[PDB]
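Student: sequence first, structure after; it's an experimental one.
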Amino acid sequence: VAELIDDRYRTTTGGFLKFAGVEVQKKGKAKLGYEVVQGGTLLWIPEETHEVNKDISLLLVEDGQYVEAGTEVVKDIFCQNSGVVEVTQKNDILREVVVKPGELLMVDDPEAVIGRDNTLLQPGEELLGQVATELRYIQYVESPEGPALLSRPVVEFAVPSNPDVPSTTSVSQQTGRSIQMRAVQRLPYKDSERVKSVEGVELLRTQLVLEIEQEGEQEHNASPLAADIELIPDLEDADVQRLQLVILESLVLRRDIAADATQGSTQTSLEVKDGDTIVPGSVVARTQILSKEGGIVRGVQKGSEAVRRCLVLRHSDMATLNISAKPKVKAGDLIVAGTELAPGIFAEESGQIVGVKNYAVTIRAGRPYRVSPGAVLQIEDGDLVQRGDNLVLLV
Amino acid sequence: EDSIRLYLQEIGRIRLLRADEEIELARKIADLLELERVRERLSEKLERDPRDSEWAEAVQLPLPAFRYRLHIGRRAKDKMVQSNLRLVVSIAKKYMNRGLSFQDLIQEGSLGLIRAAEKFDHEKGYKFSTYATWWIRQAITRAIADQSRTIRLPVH
């Protein structure tokens, strides 16, 4: 979400963090992902750091005797050193050399603090008589060739959690959909780490992660998907961005104007009101439809229209005519032109007469396509065919 | 049958190293290198080549340990030229389109690689990445210019 600055609890140029007492776990993320619990408590030995494979070939820059805290060039390399510096032959060559931030120091009769050293020592605790200033990391191992303590200045750091959030209301629809704040602070590592020479500025970040909790669906479905979004509202009197954590289901419909003869046409409404739990429980759309004529609509499957087949009739769609024969004839019969049909008389139709009744027939078209024994058919009764749709084939 | 890849796979299956790792080398390589030019000195003075035994070096050595020393000394280079492999292809490939032929290049480099691979001095510290690649380039250019044209013209 959001990234916080702070130059505080940031370190100077690398260093060890021989801190005392914040709490945050290994947590998966004793790494990045921090719920930085509790800290007044984070003290550092920001150091210089210069770690390089090459031989043992070049500079006896050194510890036991420190060398220039100041700007030498070691093994054909520098530092804006702050201190007393250590080699790492471990390799018949070496790999690494660390200026040690800080004053060198000065001793001898080594038992004294070599006896009394392993701790990072304290202001006003003296040396051996020689008072101090910060919780002085003294050298846990008094400097070699005899003569020096070590005192890389140490600065200790705090946090409890979250500085104030300004006139803000993290919010969603929030009827379980839990879109809401959380200041994710941050700190890269621990006591037992010595860092490398620039800054580990981050040891408290506040990124922000703004979670979306609950597992309900009607409102808040997409647990790993129901994702934030951000516009620029509250940009008037309080133009200062709020910052929406808004998440979504912003669906669609089609045309709403795609009116057609056969195609059930299209008329239509919303339900909206901008700014409601999607206006609660919300029946959205419409699509009202034409018919290629106004007449009896049979061949229907009570329910929706997953099929595209429904009558709409008339005395011709369900054909009808005059019988010059009597108030005569019977129900429903699938005429082929000229059978015994104005009885005595004969005429055109193919399909359902439904009756013949002032001589008012009701004599539909429905075409025999007399088939053969043997088809590899297509379709059905009542399946109001669609124009040209490829009905039964016979192999 | 990619050929380029058919070799590219495999080189993959030899794995890259680091200065320190390539330092044990350097010494060994030199340890073998110079040793031979004994072998040549003794050559040139006499019989044209020591090229007998422990006297195939004028030097003193328990003979079996000689051949051994030789092995490790040069094995370093072999376990180095190949150890690199990639990067040279990143170079040669630039001339795979320039001319010659991806494979054709590769070799050439290789040649170089060698030469560098040994003319090379871990005392100046900075990695071969700022020196091996030199020799390569060289090698190469001297190939699409040395041929790839079927009428050799003054490369100058």
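Tutor: Thanks, I have the structure now. Residues are numbered from 1 along each chain as shown, chains lettered A, B, ... in the order given.
Student: how far away is the closest residue to chain B within the stretch 101-250 of chain A from residue A:15?
Tutor: Residue nearest to chain B within the stretch 101-250 of chain A (C-beta to the nearest C-beta): residue A:196, separated by 17.5 Å. Every residue, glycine included, has its C-beta placed from N, CA and C. Between residue A:196 and residue A:15 the distance is 9 Å, computed by C-beta to C-beta, to the nearest Å.
Student: kindly report the same for residue A:50.
Tutor: Distance of residue A:50 to residue A:15, given as C-beta to C-beta: 13 Å.
Student: these two: which is more packed in?
Tutor: Between residue A:50 and residue A:15, counted using other C-beta atoms under 10 Å in any protein chain shown, residue A:15 has the larger neighbour count: 28 against 20.
Student: which residue is the nearest non-sequential neighbour of the more buried one?
Tutor: What sits nearest to residue A:15 in space, not counting adjacent residues and going by C-beta to C-beta, 6 or more residues apart in numbering or on different chains, is residue A:46, at 3.4 Å.
Student: and residue B:146, by the same measure?
Tutor: Distances taken as C-beta to C-beta, 6+ apart place residue B:155 nearest to residue B:146, at 6.6 Å, with adjacent residues excluded.
Student: please apply the same query to residue A:313.
Tutor: residue A:295 is the one closest to residue A:313 (C-beta to C-beta, 6+ apart), at 3.4 Å.
Student: the one you found contacts residue A:314, correct?
Tutor: Yes. Counting by C-beta atoms under 8 Å, residue A:295 does reach residue A:314; the two are 4.6 Å apart.
Student: next up, the contacts around the residue of the stretch 101-250 of chain A closest to chain B.
Tutor: With contact taken as C-beta atoms under 8 Å, 6 or more residues apart in numbering or on different chains, residue A:196 is in contact with A:14, A:49, A:51.
Student: just the buried positions in stretch A:121-135, please.
Tutor: Going by neighbour count (16 or more other C-beta atoms under 10 Å in any protein chain shown), the buried part of stretch A:121-135 is A:121-122, A:127, A:132, A:134-135.
Student: same question, stretch A:246-256
Tutor: For stretch A:246-256, the buried set under the neighbour-count rule, 16+ other C-beta under 10 Å, comprises residue A:247.
Student: just give me how far it sits from the chain centre.
Tutor: 19 Å (C-alpha atoms, centre = their mean, to the nearest Å).
Student: how far does that stretch stretch from start to finish?
Tutor: End-to-end distance for stretch A:246-256, by C-alpha to C-alpha, to the nearest Å: 28 Å.
Student: for it, give me every contacting residue.
Tutor: Under C-beta under 8 Å, 6+ apart, the answer for stretch A:246-256 is A:172, A:177, A:179, A:212, A:220-222, A:226-231, A:266-268, A:278, A:284-287.
Student: buried subset of those?
Tutor: A:172, A:177, A:179, A:212, A:220, A:226, A:228, A:266, A:278, A:287.
Student: my guess is residue A:135 meets residue A:119, correct?
Tutor: No. Residue A:135 is beyond contact range of residue A:119, at 9.5 Å (criterion: C-beta under 8 Å).
Student: so what touches stretch A:333-345?
Tutor: A:322-326, A:328-329, A:346-353, A:356, A:361, A:363, A:366, A:368.
Student: let's see which of those residues end up in strands.
Tutor: A:353, A:363 (DSSP state E).
Student: which among the contacts of stretch A:333-345 end up buried?
Tutor: By 16+ other C-beta under 10 Å, the contacts of stretch A:333-345 give A:323, A:325, A:328-329, A:347, A:349-353, A:356, A:361, A:363 as buried.
Student: spell out the secondary structure type for residue B:96.
Tutor: Under the three-state scheme (DSSP: H, G, I helix; E, B strand; the rest coil), residue B:96 adopts helix.
Student: how close does residue A:356 get to chain B?
Tutor: Counting by C-beta to the nearest C-beta, to the nearest Å, the gap from residue A:356 to chain B is 84 Å.
Student: quick check: closest non-adjacent residue to that residue.
Tutor: residue A:329 is the one closest to residue A:356 (C-beta to C-beta, 6+ apart), at 3.6 Å.
Student: which residues of chain B lie near chain A?
Tutor: Taking C-beta under 8 Å from any C-beta of the partner chain as the measure of proximity, chain B contacts chain A at B:18-20, B:23, B:122-123, B:125.
Student: pick out the most distant pair among the residues you listed.
Tutor: Pairwise distances across those (C-beta to C-beta) peak at 17.2 Å, for the pair B:18 and B:123.
Student: how about the closest residue to residue A:43 other than its chain neighbours, what does it touch?
Tutor: Spatial nearest neighbour of residue A:43, excluding adjacent residues (C-beta to C-beta, 6+ apart): residue A:156 at 3.3 Å. Taking C-beta under 8 Å, 6+ apart as the criterion, residue A:156 is in contact with A:19-20, A:40-44, A:135.
Student: make it 10 Å
Tutor: Each residue near residue A:156 by C-beta atoms under 10 Å, 6 or more residues apart in numbering or on different chains is listed here: A:9, A:17-21, A:39-44, A:134-135.
Student: ditto for residue A:82
Tutor: Counted by C-beta under 10 Å, 6+ apart, residue A:82 has contacts A:12-15, A:46-48, A:69-70, A:99-103, A:152-153, A:197.
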